[PDB]
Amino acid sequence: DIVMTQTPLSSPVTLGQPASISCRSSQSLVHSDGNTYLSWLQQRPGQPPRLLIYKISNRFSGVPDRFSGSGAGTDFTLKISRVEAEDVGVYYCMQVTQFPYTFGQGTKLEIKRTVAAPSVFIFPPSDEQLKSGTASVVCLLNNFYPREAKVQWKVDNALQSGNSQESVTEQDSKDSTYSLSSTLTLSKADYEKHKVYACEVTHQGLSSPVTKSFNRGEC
C-alpha cells in the first residue's frame, strides 16, 4: 500500500503567520494516465473531514485562497499564507491514484496566542443527584489561553486527592483558548458531613491562586 507520512509533527504558530505541512509518499503519486491525484483535508475537532485541495494545486470550491498546495513526485506541501483561529485542527493528506487509498498520520496545527487568565465557576450538587445517593461538585475554568492549568479541590480547608476527574477542551476555533472542567464526586453522606466546598485554581494568567467556594446549605 502506498505510504503517506506528514513531515511536521506538531506546529505552534502565531496568528496571521504562515504555516506549511509536508506529506511524503513512498511511491510516485503519478497515475497510469499521467496526472497526480493528491488530496488535502482539514478536520476540525470532533468534525468530519472536509476536503480542501485536490491534485496538488487544485483548490476545492469555497476553500479559502489562503490555502495553497504544491507537490512534486513523492513530496507535497500544503501552505496557509496567514493563519486564523478557525484553522486550528488536524490536516491529513489522501491519495486517490492507487487502491487502496492512503492517508497520512495527520498533523495537528495549534495556535500561539497571548496569555489569558481563566474565569472560575463553582457549581454545587443538585438535589436530584443527592436523591440518587451521590453528590458531584463542578469547578469550571473558562477561556484560558496557556493550556497548562492547576485545580485543587478542598473540603473544609482539607485538600482532597482522588474522587476528582477533569477534562480539557480542544482549542477554541474562535478564541484559540482552552477550557477546563473538574468534578469532585462524593457520596451523599460524605457531602453532608462537611460545610465548605471550594476549588482553588492556579494559572499563569492569574497573579495569585483564585479560589471559588460555597457552603453546603444542604445542596
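Note that residue numbering follows the sequence shown and begins at 1.
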Of 50 to 58 and 183 to 191, the one with larger mean CA B-factor: 50 to 58
Given 34 to 42 and 160 to 168, the range whose Cα B-factors average higher in the PDB entry: 34 to 42
Deposited CA B-factor, highest of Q95, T114, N142, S136: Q95
Identity of residue with top Cα B-factor, from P118, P125, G89, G73: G73
Within-chain third of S68 by Cα B-factor, per the entry: middle
Among modelled residues of the same chain, the CA temperature factor third for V155: middle
Where the record places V196 (Cα B-factor, split into thirds across the chain): middle
Ranked against its chain, the third holding the CA B-factor of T107: middle
Third of the chain's Cα B-factor distribution that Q204 belongs to, per the entry: lowest
